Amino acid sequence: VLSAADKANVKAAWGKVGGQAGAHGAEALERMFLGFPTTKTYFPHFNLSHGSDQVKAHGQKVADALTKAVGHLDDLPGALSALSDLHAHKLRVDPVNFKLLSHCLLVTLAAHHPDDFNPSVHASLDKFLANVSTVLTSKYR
C-alpha cells in the first residue's frame, strides 16, 4: 500500500522526471516488446520498431496515465476507471503483463536517473506500479 513515505517518494521522484516522462514511457514499452515477445501480440497494428510514430505516440500516453495517478495516489480507482475497463474487459490484457511493463519502467527510470533512485524510491516505486496495476486489474468481472 502507498503510505505517506511512499506517496512523497513517488511525487518527489516523478516530479524530477519532468518532460522526459514521454521518452521513458516509450522506452519501457520498447524494452518490454523485446525482453518479453509474448507481449507483442497485444499490438499487431503498431510498427513495433525502434521508434515509429506509434511506440512514442503510445509511450506519450502511458506516461500521462501515470502522471494522473501520481497526482491522485490518494484515490486511484475513480481516477483510473476507464483504462481498467479497457484492459479488463475490452482488451482482456493478461494480468501478468502489467508485471513485465512495470519492471521495464523501473529499468528505464533507473538507467536515466540513477541518483534519485535510492532503495526507498525503488521500493516505493514498486508499489505505485503495483497498486496502479491492481487497479487496472479489477474490472475483469
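Numbering starts at 1 and follows the sequence shown.
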> Per the entry, where is the mean C-alpha temperature factor higher: 26 to 34 or 39 to 47?
Replying inline: 26 to 34
> Is the mean CA B factor in the deposited entry higher across 86 to 94 or across 101 to 109?
Replying inline: 86 to 94
> What's the residue among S52, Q60, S81, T67 with the greatest CA temperature factor in the PDB record?
Replying inline: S52
> Lowest, middle or highest third: where is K16 by C-alpha B factor in its chain?
Replying inline: highest
> Can you tell me which third, lowest, middle or highest, the CA B-factor of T134 falls into for its chain?
Replying inline: lowest
